[PDB]
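Written below as structure tokens is the structure these notes are about.
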Amino acid sequence: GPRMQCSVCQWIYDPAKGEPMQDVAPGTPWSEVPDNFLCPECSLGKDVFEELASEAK
Ligand SMILES: [Zn+2]
């Protein structure tokens, strides 16, 4: 259960919470996360995004 963050607004993405109400349910691979996804605070082209996501191992 990793978590990412945007180096713009500073929004942490916890797969344990995610934005299931945005076409992205918890426990989702950042990879699967459709580029359509845009930080609700600093959208972002998913380019300024890093870290990990989705719970595993
Ligand atoms: Zn953000």
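Reminder that position 24 of the sequence shown reads as 24 in the authors' numbering, one-by-one numbering, no gaps.
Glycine included, every Cβ here is placed at the ideal spot set by N, Cα and C.
- Taking a C-beta distance under 8 Å as the contact criterion, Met-4 and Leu-52 qualify as a contact pair.
- DSSP places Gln-22 within a helical segment (H, G or I) once states are collapsed to three.
- Counting only beta-carbon distances shorter than 7 Å to the non-hydrogen atoms of ligand 1, the qualifying residues in chain order are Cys-6, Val-8, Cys-9, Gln-10, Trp-11, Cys-39, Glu-41, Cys-42 and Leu-44.
- Residue environment for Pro-15: buried (at least 16 other C-beta atoms within 10 angstroms of its C-beta).
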